[PDB]
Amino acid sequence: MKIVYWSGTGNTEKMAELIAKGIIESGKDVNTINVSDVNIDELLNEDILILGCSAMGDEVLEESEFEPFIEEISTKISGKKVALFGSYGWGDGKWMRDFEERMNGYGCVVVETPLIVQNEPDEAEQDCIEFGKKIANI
């Protein structure tokens, strides 16, 4: 499987690692890719797209790299399964409610409830591993 993410300080990156750990513990392989090093062509062959990005700007996806990437793949992902995650700070998840609505609008099937964790995953570490286990079980 593949996990593509954007992280500004490392919080979403850590969530990605823990989610990968859960998939691996389930007996499956998985690669975590920073959005800047992603190959759209190969990514589109995946059964499930695992995407993560922290809450940026005023409750939006990161604008210079992650957002353009979502727009790029938007026309080629209808019917695909997606799992969404990300770290946030002061809000209550508005950027993720919007991200989920958006992916749904592109024709994707959001397999699990988006996983959002405030700041760094410390107390939420197991939740991250469990999210990975749920995904590897689909």
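Residue numbers run from 1 along the displayed sequence.
Just going by the entry, 92 to 100 versus 34 to 42 on mean CA temperature factor gives the higher value to 34 to 42. Taking the PDB entry as given, 129 to 137 carries the higher mean Cα B factor of the two stretches 3 to 11 and 129 to 137. Comparing the C-alpha B-factors of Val111, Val60, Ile70, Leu51 in the entry, the top value falls on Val111. The entry lists a Cα temperature factor for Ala124 that places it in the highest third of the chain's modelled residues. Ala83: CA B factor lies in the lowest third for its chain, per the PDB record.
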